[PDB]
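Visitor: Shown below is the structure under consideration.
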Amino acid sequence: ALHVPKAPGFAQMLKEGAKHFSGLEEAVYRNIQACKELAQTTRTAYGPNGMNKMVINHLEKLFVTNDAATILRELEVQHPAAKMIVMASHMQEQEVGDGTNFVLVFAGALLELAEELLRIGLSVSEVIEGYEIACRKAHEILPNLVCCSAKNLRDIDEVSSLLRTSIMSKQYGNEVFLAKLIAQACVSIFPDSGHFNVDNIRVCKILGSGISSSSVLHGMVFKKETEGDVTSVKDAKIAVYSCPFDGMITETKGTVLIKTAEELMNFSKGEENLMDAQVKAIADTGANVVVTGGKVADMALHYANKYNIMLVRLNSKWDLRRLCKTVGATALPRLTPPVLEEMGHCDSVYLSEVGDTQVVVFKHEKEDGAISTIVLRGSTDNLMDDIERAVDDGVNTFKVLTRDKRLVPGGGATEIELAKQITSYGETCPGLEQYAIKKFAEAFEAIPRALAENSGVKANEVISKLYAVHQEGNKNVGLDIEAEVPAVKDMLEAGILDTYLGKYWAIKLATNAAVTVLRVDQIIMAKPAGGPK
Amino acid sequence: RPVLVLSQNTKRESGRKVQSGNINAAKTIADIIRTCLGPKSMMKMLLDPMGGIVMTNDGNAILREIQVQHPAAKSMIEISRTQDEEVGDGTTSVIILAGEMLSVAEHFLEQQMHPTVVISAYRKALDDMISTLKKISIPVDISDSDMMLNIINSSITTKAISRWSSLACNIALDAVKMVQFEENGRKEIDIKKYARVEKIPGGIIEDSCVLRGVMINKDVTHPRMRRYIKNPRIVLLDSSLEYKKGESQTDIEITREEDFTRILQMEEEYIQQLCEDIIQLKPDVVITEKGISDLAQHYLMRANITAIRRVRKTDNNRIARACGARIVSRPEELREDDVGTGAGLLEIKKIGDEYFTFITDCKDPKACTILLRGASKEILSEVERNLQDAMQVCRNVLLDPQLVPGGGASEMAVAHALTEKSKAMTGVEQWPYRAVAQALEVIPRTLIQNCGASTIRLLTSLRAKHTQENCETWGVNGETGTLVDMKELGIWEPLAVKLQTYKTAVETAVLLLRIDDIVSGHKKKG
Amino acid sequence: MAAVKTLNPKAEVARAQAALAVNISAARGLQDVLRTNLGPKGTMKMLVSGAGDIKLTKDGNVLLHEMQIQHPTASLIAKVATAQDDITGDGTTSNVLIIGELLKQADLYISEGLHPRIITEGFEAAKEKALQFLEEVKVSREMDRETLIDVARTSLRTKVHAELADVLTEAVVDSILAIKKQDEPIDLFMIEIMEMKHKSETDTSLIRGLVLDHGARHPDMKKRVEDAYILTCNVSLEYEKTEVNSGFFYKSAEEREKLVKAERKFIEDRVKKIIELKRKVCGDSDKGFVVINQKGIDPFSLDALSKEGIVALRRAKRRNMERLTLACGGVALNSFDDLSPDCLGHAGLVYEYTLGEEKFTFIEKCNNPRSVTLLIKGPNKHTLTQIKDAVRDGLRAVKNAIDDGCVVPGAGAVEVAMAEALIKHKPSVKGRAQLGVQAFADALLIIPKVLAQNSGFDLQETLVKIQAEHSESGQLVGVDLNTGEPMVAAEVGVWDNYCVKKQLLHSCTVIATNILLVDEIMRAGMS
Amino acid sequence: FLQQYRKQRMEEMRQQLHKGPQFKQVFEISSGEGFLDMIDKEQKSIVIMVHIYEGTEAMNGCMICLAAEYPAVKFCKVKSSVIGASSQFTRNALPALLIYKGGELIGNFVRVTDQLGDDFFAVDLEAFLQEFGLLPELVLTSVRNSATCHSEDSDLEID
Ligand SMILES: Nc1ncnc2c1ncn2[C@@H]1O[C@H](COP(=O)(O)OP(=O)(O)O)[C@@H](O)[C@H]1O
Ligand SMILES: Nc1ncnc2c1ncn2[C@@H]1O[C@H](COP(=O)(O)OP(=O)(O)O)[C@@H](O)[C@H]1O
Ligand SMILES: Nc1ncnc2c1ncn2[C@@H]1O[C@H](COP(=O)(O)OP(=O)(O)O)[C@@H](O)[C@H]1O
Ligand SMILES: [Mg+2]
Ligand SMILES: [Mg+2]
Ligand SMILES: [Mg+2]
């Protein structure tokens, strides 16, 4: 009478380390609590007033960022439901590029209100069907909330103004300058053909002079030095070789067979003459720069020096391909001289030092090309990493704008209008799904509430003001950050706009994640064991 | 430090207690599978140390999965294996009989009888048992299909497959009949190599059949190969159809421009020459035990030939027997008589999610594949064991067409005969002789105990019945607990099985009675 | 105590009623876990592996595989379910439920001193009668598109939710109809299932063609071809070394260069053969040339091909040779000894799509493909796994419907009818096997009970309503999962595979009979 | 999908039928000096494989099956308490396939339940060992033939 035995059946057959959570309270409520905890963890880094977080992963690397996706990646979340929500956030990051924190906050709010509805008496199926109905309604409503479109993408000013909002959530203090940089870099890319490639924007981080000294280069920059004695050219004629800059060798086995003294005495002289002839043939085409992906032989380097040819050796194959795209060359597989159409042309190639870093610059005088580089300056490695993340967010925003040009007001205007209209709709439909629809609408308040909390004012006052102002019929009104008192202002005038595609995909993925978590009823976890990878 | 005339790890024990321990260990082994005998037997679940599960009621299968320490138990297990390998049936009976004779011998060993006297009496009794069993046998005409089927039924009526008795009996009879062979005046059956049993879980057990040919778990090497050929001319090979190195060291030395291309072209031409040599015989299917190069596949396909590679040697021999082919290693020596004509159909069909190659219309095959399809793997394994018992019994009958009454009738008849013999012994060995004779009643007793009927009254009735004149075929019904004439019930078992059982039981008893000392712990000294 | 423990002291033995108690407890535990799976209204389970991989599942076989269980009887039941899934592809949860209920009902009489053998005899007689009745009740019917859609719905609705099931039904039915040839067995290998991880789960669809998980490895190759000639080849176009240790020997640099140039002549020959064929077939720039190779292609050959406007892929799957032959219509080649326009396929559109770091190549607009592909699209890996399992179940269901000439009413209606028939036939069974027959009928009745229970309605009342309706009307009425009233499953459109039911009866009866006859369990293979 | 090791199942069924006269059991070492002079004895070419224990049962069965099907190798096992290792080894380093040949270490695998899994079978471990080139590369007699080979007096027919 001092021990409770395990119940006969499945309870006994379970393995030692395994855990079986079944039922509503033991599984659904625990999952909801874990997801709410994750959302609360990432909440404070939302909005322009979001605060950076120092995250140290298991490899001791230090991350200083307020990007939700990066925070979740560096954190090692162990709870399966929170893992599912993190998967949703990462999928949003991959599909769009910005809006991960919105996904996380919305999913957390949805699961919290789902727990409230389950406790008030509603079944899981009713909550799920109400959430799906409300998601369909929100997706139908969203096109009606579009305020203004991009209507131009080759303009420097419009692109900078459009990208300002995306890269003002990160790096709030100085966003105009970063917007100008990213706008110039994106407009340099993106030719008359509608396709825009995100990878065509390169970012080089050179320590030393604060981020205000960063610049945009219409070309490529490599953190290394030239092999030869020549350091600069003015009418570069790069000839790119994907082969080692040496005499090509056999593939089975090379064996120099010597049977007479004459062959022995002439072998090295003949080899040197052959290399000299090859390099002279290369130089005769006007190619004054030779970029090779392979190693550089000593005699080849000597003959390149003799003929005033600059040698750059690129280790990375991706770097070689990017250089070929930038200059318009072709990666030749042999050491043969390049024909006219395979010759890369650049305005200038030179070796220069930035800060204390030796770099090679492939600079174009034309405001065009295929690849543009954003040379990032800074005083800390972490600061430049965060600036790079902001640059990625801006570039992804530009890509989304190319895909769809419609924009909706930011600063909680879209979320509050969505909540108002969904609540109004939910009163009309009778049945037990009205509670779920109303809760889905209410979950949209978590966005302006998070913004108001991070900005330091009372959230309830802001939400009430938003409802009032939208009640008189202004659907472009969001909270005013630049105020120490609860206040609102027209978001369309202020230029605080965010992409329609971002909101659409974020809402869809957040709803899908919340519903999928709610669907789970029983959890059977295996013993953790190991599995580092 | 101690003088230690023997090693410190040497445990030695001797005397009456050693004999008592040996006989008790044998009795324990017999008791393990005592309830697995008879038509109303109950299966046992055995947990293999590798994680497998064996669910069976075969004596040898159960005793094979036991790790024992006492050497007498090891001897009993070896006896079980010997009986199973020699004749294939009667594995529980021999264990039970050995235990019983050892018990009745221990009874005398408690008194002042020397074990050699008991051994001599046992050997006399064994000779008389053999004589009586040969006397009460009856001949069987093996040309009667119904009689052979009835014999097989009585063989498998005590196994789980007894529900599908007609199907299993027909499968076993057909397999044994068409694996029979005779070359150069030497006759054989050879169930071990030919007559393979392939089990595929799923389907229903009634779908099981014996094929007029063989089936292997293989697929054509190339998608464009034909998967259905009417009357194939199968050719079997051992050698690879690739380009491989020789046995010697054969480094080349290339100095001209075109020698590399020449080497590669000669490799291709060698493959073409091999494929042309094979094509010369106009075959339809090529089976080989080793690889087939892709170029070889192209060359064969140019001639509309289906090719299968990496077939195990045993399967290739079985195919050779089935379709009347000959395995050839060097294609240049492919005679016409090596081409296999006789396979009436070749079909690569898909069962479940796997491809199986069927050659299933052979005209007079000498090998076969028994295709088992059942609920799961363990059920199919038990069915395979039962089918093996049936085929072994059929082969035993075909080799020796003698039969003896079953269901404990032969045991009681022999016991009564030896009891009547012992009335004229007048010696001191009459008591062990009579005791070992009466030890044969353990089989009817176990049958009655498993049936559930009352043991004492039925054994008394049977013993009284066997005292009459023409009552040698009177045994006990296994599933109703009633005395019955076994020329009416129709339960018979091969004379060879009974002779082997009695021989092995008495020999085990003698071997274990000859021991009175155990020395253990010494190193192997390898 | 036991003889085994006397022989082997460290032996685990459970004898007599202990064996039955252990086996029946394990079966009841498995049944209790798998009860909630049955029916479209069943609950979902999230299974977390040791490595932390999340897998959402409702399939019975998948759940059995990934429950942390170490029981022998559970292992036998899992093997039976594995065979059931391998052959038929659907019915594993029903298999486990029927086994568990058979054992429970048999124990209900065994605990009253009845010998298990009598129960097994009753089981066999009942199984024979039930098989006869199932033969009587099956609905033989030529299966056009709508019947197959109904069967696929009946499976996929149980595996996934409503809209996803609705999409998957059309996908799988159309795929089966595309790859099926009249009066020929169906080769499910010809329906490739490819995973992408970028759209919503409702974007999964069917491509009347093929999808490859790799693209052109040369940047200068065309990314999109309008009119295509497909050359399915199995020749290594990369550099290969001599099999007999050739090695090179030169006396000067020029000789070395000559040897280097002349050592690639062999592969250049095959590349030039391909190029000449391409030049012959399409002398304009309108038609494209695609070369799919099962073996690698070295960069030199890639450059030589791409200079002629030929897009080439390497390291194709072995099954993809047959798939491309059946879809495009060409001939898979193991050499270029004699190649002509005859051995060229066709494709009305070939293009690649880049997803993250993975390139996918699409081949579409074929003339009349005999092999198509299903593109699973979802936001998460576990979503893709769940959709793949559901698609496997649905494809197996449609194939089973096609193979059989008949389909069987579902929703537990046939279970109720078979139970009624067995009860009617019970008097004709001689002896005490009538108890076994009654146990078998009660066990067959588990399916409607579990369906009603999972729908939330009362078990006994719903079952008695169904039984009364069937008895009074004689129709094949089953459980309605929304109201609990009886419904004619044939009229509604709830169909079950005849082969699945037959396999259920056979396997469940056989394994239950074998387990009941086990008198003791042993483990003495140690020391 | 040749990466899926189709032959693994076939090898499993081949190894299911170990031998005729049972499959014996792994020898247990009960002395540190027994371990020492067990390594010391045998020739250099003879391979000795040792297991330290207190997921062990499955790998023990794997060694049983291998030793049944690889008579040349001398699979054996020992208790961790017999040697008396450190707390870390007796706590979190038990499953360790220790391989010896000629007295020098060749395979020093430890914590094998990670790199070998937990549900692995005999063929899995056999392939894991053979890819290392650590396992060295036949009809069944009736029972025996040979008793002793000492006298070369066999047969002669001198007039
Ligand atoms: N000046 C501003 N005033 C009010 N809201 C703003 C302002 N700038 C940005 N926001 C809001 O901040 C949100 C962006 O938060 P962010 O940190 O980017 O999260 P995510 O990266 O997940 O989008 C947008 O929804 C936008 O409405
Ligand atoms: N229907 C039956 N009635 C009575 N005795 C039977 C019946 N069937 C078989 N027997 C007897 O039972 C014995 C078979 O038991 P079995 O389990 O096959 O032992 P083993 O496996 O060692 O042969 C045979 O000696 C046979 O005479
Ligand atoms: N819409 C439906 N209405 C009523 N019964 C259904 C419906 N769909 C499926 N069923 C029943 O549910 C059972 C299918 O259960 P399922 O989850 O597929 O188990 P398994 O996967 O083991 O086959 C079938 O017997 C079928 O009769
Ligand atoms: Mg953002
Ligand atoms: Mg027998
Ligand atoms: Mg199903």
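Residues are referred to by chain and number: the chain letter is A, B, ... according to the order shown in the structure tokens, the number counts from 1 in that chain, and ligands are numbered separately from 1 in the order shown.
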Find the residues around residue 22 in chain B up to 9 Å (only C-alpha atoms counted), leave out those fewer than 5 positions away in its own chain, and share them as an MDAnalysis selection string.
Guide: chainID B and resid 17 27 70:73 512:513 515
Visitor: For the residues in that selection, give me N, CA and C atoms as a short mmCIF file (atom, residue, chain, number, x, y, z; two decimals), in the first residue's frame.
Guide:
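Final file, out-v7.cif:
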```cif
data_model
loop_
_atom_site.label_atom_id
_atom_site.label_comp_id
_atom_site.auth_asym_id
_atom_site.auth_seq_id
_atom_site.Cartn_x
_atom_site.Cartn_y
_atom_site.Cartn_z
N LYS B 17 25.22 -39.56 -6.77
CA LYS B 17 24.60 -38.26 -6.99
C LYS B 17 24.81 -37.77 -8.41
N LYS B 27 15.24 -36.05 -17.45
CA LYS B 27 13.81 -35.96 -17.19
C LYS B 27 13.31 -34.53 -17.37
N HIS B 70 23.98 -28.15 -17.80
CA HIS B 70 24.24 -29.55 -17.46
C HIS B 70 24.55 -30.33 -18.73
N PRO B 71 25.63 -31.12 -18.75
CA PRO B 71 25.98 -31.84 -19.98
C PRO B 71 24.97 -32.89 -20.40
N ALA B 72 24.20 -33.46 -19.47
CA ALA B 72 23.17 -34.41 -19.86
C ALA B 72 22.10 -33.74 -20.71
N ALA B 73 21.74 -32.50 -20.38
CA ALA B 73 20.80 -31.76 -21.21
C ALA B 73 21.38 -31.52 -22.60
N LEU B 512 23.98 -42.36 -21.32
CA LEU B 512 23.92 -41.63 -20.06
C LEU B 512 24.04 -42.53 -18.84
N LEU B 513 23.67 -43.81 -18.96
CA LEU B 513 23.87 -44.73 -17.85
C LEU B 513 25.33 -45.12 -17.68
N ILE B 515 27.83 -43.36 -17.28
CA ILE B 515 28.63 -42.26 -16.75
C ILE B 515 28.42 -42.17 -15.25
#
```
Visitor: Compile the contact shell of residue 158 in chain B as a PyMOL selection string: residues with an atom at most 9 Å away, counting only C-alpha atoms, same-chain residues fewer than 3 positions apart removed.
Guide: chain B and resi 37-41+154-155+161-162
Visitor: I need the chosen residues saved as a PDB file, in the first residue's frame, with N, CA, C and O atoms.
Guide:
```
ATOM      1  N   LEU B  37       3.201 -33.058 -27.703  1.00  0.00           N
ATOM      2  CA  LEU B  37       3.029 -34.310 -28.425  1.00  0.00           C
ATOM      3  C   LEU B  37       1.548 -34.608 -28.587  1.00  0.00           C
ATOM      4  O   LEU B  37       0.783 -34.510 -27.623  1.00  0.00           O
ATOM      5  N   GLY B  38       1.149 -34.974 -29.798  1.00  0.00           N
ATOM      6  CA  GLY B  38      -0.213 -35.362 -30.058  1.00  0.00           C
ATOM      7  C   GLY B  38      -0.953 -34.373 -30.927  1.00  0.00           C
ATOM      8  O   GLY B  38      -0.506 -33.245 -31.148  1.00  0.00           O
ATOM      9  N   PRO B  39      -2.107 -34.787 -31.448  1.00  0.00           N
ATOM     10  CA  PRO B  39      -2.908 -33.872 -32.272  1.00  0.00           C
ATOM     11  C   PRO B  39      -3.396 -32.652 -31.521  1.00  0.00           C
ATOM     12  O   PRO B  39      -3.624 -31.607 -32.140  1.00  0.00           O
ATOM     13  N   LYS B  40      -3.567 -32.747 -30.204  1.00  0.00           N
ATOM     14  CA  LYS B  40      -4.053 -31.641 -29.393  1.00  0.00           C
ATOM     15  C   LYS B  40      -2.922 -30.893 -28.699  1.00  0.00           C
ATOM     16  O   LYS B  40      -3.100 -30.391 -27.586  1.00  0.00           O
ATOM     17  N   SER B  41      -1.764 -30.808 -29.340  1.00  0.00           N
ATOM     18  CA  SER B  41      -0.621 -30.135 -28.747  1.00  0.00           C
ATOM     19  C   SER B  41      -0.837 -28.627 -28.716  1.00  0.00           C
ATOM     20  O   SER B  41      -1.697 -28.078 -29.408  1.00  0.00           O
ATOM     21  N   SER B 154      -1.582 -38.162 -41.714  1.00  0.00           N
ATOM     22  CA  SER B 154      -1.281 -38.634 -40.368  1.00  0.00           C
ATOM     23  C   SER B 154       0.018 -38.035 -39.856  1.00  0.00           C
ATOM     24  O   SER B 154       0.193 -37.869 -38.645  1.00  0.00           O
ATOM     25  N   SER B 155       0.942 -37.711 -40.761  1.00  0.00           N
ATOM     26  CA  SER B 155       2.184 -37.067 -40.347  1.00  0.00           C
ATOM     27  C   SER B 155       1.951 -35.644 -39.857  1.00  0.00           C
ATOM     28  O   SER B 155       2.542 -35.227 -38.856  1.00  0.00           O
ATOM     29  N   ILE B 161      -0.507 -26.776 -39.445  1.00  0.00           N
ATOM     30  CA  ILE B 161      -0.966 -26.843 -40.830  1.00  0.00           C
ATOM     31  C   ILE B 161      -2.046 -27.887 -41.039  1.00  0.00           C
ATOM     32  O   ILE B 161      -2.587 -27.989 -42.147  1.00  0.00           O
ATOM     33  N   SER B 162      -2.395 -28.656 -40.007  1.00  0.00           N
ATOM     34  CA  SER B 162      -3.371 -29.724 -40.177  1.00  0.00           C
ATOM     35  C   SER B 162      -4.735 -29.205 -40.598  1.00  0.00           C
ATOM     36  O   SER B 162      -5.542 -29.979 -41.122  1.00  0.00           O
TER      37      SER B 162
END
```
Visitor: What are the residues of chain A lining chain D at 9 Å or less? Count only C-alpha atoms, and put the answer as a VMD selection string.
Guide: chain A and resid 529 to 531
Visitor: Selection from above, N, CA and C atoms, as a CSV table (one decimal), in the first residue's frame, can you write it?
Guide:
```
chain,number,residue,atom,x,y,z
A,529,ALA,N,18.2,9.8,-26.3
A,529,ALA,CA,19.5,9.1,-26.7
A,529,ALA,C,20.5,10.2,-27.1
A,530,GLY,N,21.0,10.1,-28.3
A,530,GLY,CA,22.0,11.2,-28.8
A,530,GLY,C,21.6,11.9,-30.0
A,531,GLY,N,22.3,11.7,-31.1
A,531,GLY,CA,22.0,12.3,-32.4
A,531,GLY,C,22.4,13.8,-32.4
```
Visitor: 6 Å from ligand 3 is the threshold here; counting only C-alpha atoms and all ligand atoms, which polymer residues fall inside it? Answer as JSON, numbers by chain.
Guide: {"C": [37, 38, 39, 40, 59, 60, 90, 91, 92, 93, 94, 154, 155, 158, 410, 411, 412, 479, 480, 481, 494]}
Visitor: So which residues touch range 119-128 of chain B within 9 Å, counting only C-alpha atoms, skipping near sequence neighbours fewer than 4 positions away, as a short mmCIF file (atom, residue, chain, number, x, y, z; two decimals) with N, CA, C and O atoms, in the first residue's frame?
Guide:
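Output file selection.cif is given in full below:
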```cif
data_model
loop_
_atom_site.label_atom_id
_atom_site.label_comp_id
_atom_site.auth_asym_id
_atom_site.auth_seq_id
_atom_site.Cartn_x
_atom_site.Cartn_y
_atom_site.Cartn_z
N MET B 101 12.88 -44.09 -20.15
CA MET B 101 13.80 -45.20 -19.91
C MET B 101 14.85 -44.82 -18.88
O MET B 101 15.24 -45.65 -18.05
N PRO B 115 25.30 -50.60 -13.31
CA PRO B 115 24.74 -50.04 -14.55
C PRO B 115 24.98 -50.88 -15.78
O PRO B 115 24.17 -50.83 -16.71
N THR B 132 10.07 -56.99 -33.09
CA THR B 132 8.61 -56.88 -33.02
C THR B 132 8.08 -55.82 -33.97
O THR B 132 7.07 -56.03 -34.64
N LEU B 133 8.76 -54.67 -34.04
CA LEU B 133 8.31 -53.61 -34.93
C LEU B 133 8.34 -54.06 -36.38
O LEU B 133 7.40 -53.80 -37.14
N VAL B 414 4.43 -53.52 -28.80
CA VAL B 414 5.80 -53.91 -28.53
C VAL B 414 6.00 -54.16 -27.04
O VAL B 414 6.69 -55.10 -26.64
N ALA B 417 4.59 -57.52 -26.28
CA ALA B 417 5.43 -58.59 -26.82
C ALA B 417 6.65 -58.82 -25.94
O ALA B 417 6.98 -59.96 -25.61
N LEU B 418 7.33 -57.75 -25.54
CA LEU B 418 8.51 -57.90 -24.69
C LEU B 418 8.13 -58.38 -23.29
O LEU B 418 8.90 -59.11 -22.66
N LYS B 421 7.88 -61.93 -23.65
CA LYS B 421 9.23 -62.48 -23.78
C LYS B 421 9.90 -62.63 -22.43
O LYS B 421 10.59 -63.62 -22.17
N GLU B 429 18.43 -60.09 -15.19
CA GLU B 429 18.17 -58.97 -16.09
C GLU B 429 16.72 -58.91 -16.54
O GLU B 429 16.37 -58.03 -17.34
N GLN B 430 15.87 -59.81 -16.06
CA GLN B 430 14.47 -59.79 -16.47
C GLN B 430 13.78 -58.52 -15.99
O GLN B 430 12.94 -57.96 -16.70
N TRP B 431 14.10 -58.06 -14.78
CA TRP B 431 13.46 -56.85 -14.27
C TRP B 431 13.77 -55.61 -15.09
O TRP B 431 12.83 -54.90 -15.47
N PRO B 432 15.03 -55.28 -15.39
CA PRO B 432 15.27 -54.12 -16.26
C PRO B 432 14.69 -54.29 -17.65
O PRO B 432 14.22 -53.31 -18.24
N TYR B 433 14.70 -55.51 -18.17
CA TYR B 433 14.11 -55.79 -19.47
C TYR B 433 12.63 -55.45 -19.48
O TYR B 433 12.14 -54.71 -20.34
N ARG B 434 11.89 -55.95 -18.48
CA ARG B 434 10.47 -55.65 -18.38
C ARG B 434 10.24 -54.16 -18.15
O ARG B 434 9.29 -53.59 -18.70
N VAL B 436 12.10 -51.51 -19.06
CA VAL B 436 12.29 -50.72 -20.27
C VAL B 436 11.22 -51.06 -21.30
O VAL B 436 10.83 -50.19 -22.09
N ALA B 437 10.73 -52.29 -21.31
CA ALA B 437 9.61 -52.61 -22.19
C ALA B 437 8.38 -51.79 -21.83
O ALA B 437 7.73 -51.21 -22.70
N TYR B 502 13.11 -45.63 -31.50
CA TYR B 502 13.48 -46.60 -30.47
C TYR B 502 14.99 -46.76 -30.37
O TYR B 502 15.55 -46.78 -29.26
N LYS B 503 15.68 -46.87 -31.51
CA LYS B 503 17.13 -46.99 -31.48
C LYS B 503 17.75 -45.82 -30.74
O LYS B 503 18.55 -46.01 -29.82
N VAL B 506 16.97 -45.74 -26.82
CA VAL B 506 17.71 -46.72 -26.04
C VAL B 506 19.20 -46.38 -26.02
O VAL B 506 19.87 -46.54 -25.00
N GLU B 507 19.74 -45.92 -27.15
CA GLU B 507 21.16 -45.58 -27.18
C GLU B 507 21.47 -44.39 -26.27
O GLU B 507 22.51 -44.37 -25.61
N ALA B 509 19.79 -43.66 -23.53
CA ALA B 509 19.73 -44.19 -22.18
C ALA B 509 21.02 -44.91 -21.82
O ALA B 509 21.56 -44.72 -20.73
N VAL B 510 21.53 -45.72 -22.74
CA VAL B 510 22.77 -46.46 -22.48
C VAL B 510 23.93 -45.50 -22.27
O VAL B 510 24.71 -45.63 -21.33
N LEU B 511 24.04 -44.50 -23.15
CA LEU B 511 25.16 -43.57 -23.07
C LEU B 511 25.15 -42.81 -21.75
O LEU B 511 26.20 -42.64 -21.12
N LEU B 513 23.67 -43.81 -18.96
CA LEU B 513 23.87 -44.73 -17.85
C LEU B 513 25.33 -45.12 -17.68
O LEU B 513 25.75 -45.47 -16.58
N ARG B 514 26.10 -45.07 -18.75
CA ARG B 514 27.52 -45.42 -18.67
C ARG B 514 28.36 -44.40 -17.92
O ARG B 514 29.57 -44.57 -17.91
#
```
Visitor: Considering only C-alpha atoms, return as number ranges by chain whatever protein or nucleic-acid residues lie within 10 Å of range 502-513 of chain A, sequence-local ones (same chain, fewer than 5 positions apart) excluded.
Guide: A: 81-82, 84-89, 91-93, 95-111, 128, 131-132, 134-136, 138-139, 142-143, 397, 400-401, 404, 407-408, 410, 414-415, 440, 444, 518-519; C: 199-201, 379-380
Visitor: Write out as a PyMOL selection string which residues come within 8 Å of residue 180 in chain B when counting only C-alpha atoms, dropping same-chain ones fewer than 2 positions away.
Guide: chain B and resi 176-178+182+187-190+366
Visitor: Excluding residue 457 in chain B and any residue of its chain fewer than 3 positions from it, enumerate the residues within 12 Å of it, using only C-alpha atoms, and give them as an MDAnalysis selection string.
Guide: chainID B and resid 445 448:449 453:454 460:464 481:483
Visitor: Measuring between only C-alpha atoms and all ligand atoms, which one of B:219, B:420, B:493, B:517 shows the shortest distance to ligand 2?
Guide: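 Closest to ligand 2, using only C-alpha atoms and all ligand atoms: B:493.
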Visitor: Quick one: of B:159, B:310, B:318, B:245, who's nearest to chain D, counting only C-alpha atoms?
Guide: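 Of all the options, B:310 lies closest to chain D.
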Visitor: Counting only C-alpha atoms and all ligand atoms, what residues are within 8 Å of ligand 1, given as a PyMOL selection string?
Guide: chain A and resi 45-48+50+66-68+98-104+165-170+409-413+447+451+478-482+491+494+496-498
Visitor: CA of residue 249 in chain C to CA of residue 259 in chain A: how many Å, to one decimal?
Guide: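 About the pair CA of residue 249 in chain C and CA of residue 259 in chain A: they are 11.6 Å apart.
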